[PDB]
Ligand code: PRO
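One chain comes next, on its own, written as structure tokens: the form deposited without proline (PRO).
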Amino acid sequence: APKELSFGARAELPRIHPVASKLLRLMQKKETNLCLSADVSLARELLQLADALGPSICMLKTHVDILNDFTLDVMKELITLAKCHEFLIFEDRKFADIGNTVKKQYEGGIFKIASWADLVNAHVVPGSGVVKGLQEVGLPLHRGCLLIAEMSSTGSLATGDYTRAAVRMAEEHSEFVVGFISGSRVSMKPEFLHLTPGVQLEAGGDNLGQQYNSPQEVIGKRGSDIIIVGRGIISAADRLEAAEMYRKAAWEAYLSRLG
């Protein structure tokens, strides 16, 4: 490992992607490395959470394909909230098709994901055509992408050579790929962000293969940058205080690693 740089300093690296630098600078300014996984089915609840929790988060992660009442105008309201509170919007679409198809899934259809999503993510299983296809729409739109190097779930096949393949692909598409979904630091290059889902304060899982680790384990011991938290926050009675708990945990773990 080389000497660890603050988020603010990483935001200035020669090879940093513009989207990554925007993110890094608001993380430093706001003292948050928390990404909210806004896993709700109603546009109202999504906008209520984005508004109240916006001050506490660096990023709001969406699954637009589970919103019962999606319209583009809800994403307009979301963008306003993103601009007011200063967070990025990440559509967790986990693209996993051939380049020719992913291009259309990203740009078109009802969702027009590229129109409103600062970031998206993609699996590397199809080989590099998946990134090439996404790039063709993402680069003109000044967007970035995360590659899924590891998954949080039991029996995940994103291990060993697969994970190494994700890193190699990220390096080769640095004008579009800004980092990873992973459970650990997976690249030594500080220009890359590491975002980690499967995070809760308490040990446990769900009944469908999800596994949880703590913010201190993920950021502190495993070297990731940002925790992604859904149910840990969304299921809590006071979602604001839960968000603050996770923010303070992830931030302190980052400071101590720095540190």
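The first residue of the shown sequence is 1; numbering continues from there.
One more form of this protein, deposited with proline (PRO) bound, exists but is not displayed; see below.
This form has no room for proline (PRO): after superposition of the C-alphas round the site, using its pose in the bound PDB entry, 3 or more of its atoms sit within 2.4 Å of a backbone or C-beta atom. Exactly one listed residue, out of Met75, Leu134, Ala166, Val178, brings a non-hydrogen atom to within 4.5 Å of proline (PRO) in the bound PDB entry: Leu134. Though the partner is left out of this view, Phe87 does not reach within 4.5 Å of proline (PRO) in the bound PDB entry, counting heavy atoms only. When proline (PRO) is considered in the bound PDB entry, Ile79 lies well away from it, no heavy atom lying within 4.5 Å. Residues of just one listed stretch (67-75, 141-149, 166-174, 185-193) have heavy atoms within 4.5 Å of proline (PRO) in the bound PDB entry: 141-149.
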